[PDB]
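Engineer: Starting from these lines, generate the structure:
(2 chains)
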Amino acid sequence: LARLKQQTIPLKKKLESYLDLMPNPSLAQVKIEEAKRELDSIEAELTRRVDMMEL
Amino acid sequence: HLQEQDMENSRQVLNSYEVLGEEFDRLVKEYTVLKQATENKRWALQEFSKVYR
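Structural biologist: Numbering: from 1, shown residues only, chains lettered A, B, ... in the order given. Have a look at this structure:
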């Protein structure tokens, strides 16, 4: 029981990178478009706080 | 009997994701990288907000 609950942690941690995707590759690409867009946006969303700190 | 039921359900979910193909595996890796970078930016933003307070 203890070793099964111990080995659950890496298995569940790797499974956590799967639940955010619906089982539809077309919709997965459709929303990976805005995933790339929001990554590019939050690479710029940290910019204005640093700008207000520096100015 | 609850424990290996939970692991069996997790393995069934992983297998159902693996049914879709290698393109969806690349999508899994890509979204994992994107969400890791996303959480890296989010944690930095939260830490800066906590420092400013």
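
Engineer: residues near residue A:50, how many?
Structural biologist: Burial of residue A:50 is recorded as 10 neighbouring residues (other C-beta atoms under 10 Å in any protein chain shown). In this view, the C-beta of every residue, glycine as well, is placed from N, C-alpha and C.

Engineer: phi, psi of it?
Structural biologist: Dihedral pair for residue A:50: phi -70, psi -40, per degrees, to the nearest 10.

Engineer: cool, and residue A:46?
Structural biologist: phi -80, psi -10.

Engineer: burial measure for the closest residue to residue A:43 other than its chain neighbours, as a count.
Structural biologist: Leaving aside its chain neighbours, residue A:43 sits nearest to residue B:41 (6.9 Å; criterion: C-beta to C-beta, 6 or more residues apart in numbering or on different chains). Applying other C-beta under 10 Å, we find 17 residues neighbouring residue B:41.

Engineer: Was I right to think residue B:41 contacts residue A:45?
Structural biologist: Yes. At 7.2 Å, residue B:41 counts as touching residue A:45 under the criterion of C-beta atoms under 8 Å.

Engineer: doesn't residue A:45 make contact with residue B:42?
Structural biologist: No. The criterion here is C-beta under 8 Å, and residue B:42 misses it with residue A:45 at 9.5 Å.

Engineer: in the chain, which spans are helices?
Structural biologist: Picked chain A for this. A:2-15, A:25-45, A:47-54 (DSSP state H).

Engineer: that's the other chain; I wanted chain B
Structural biologist: Counting by DSSP H, the helices of chain B are B:3-19, B:22-52.
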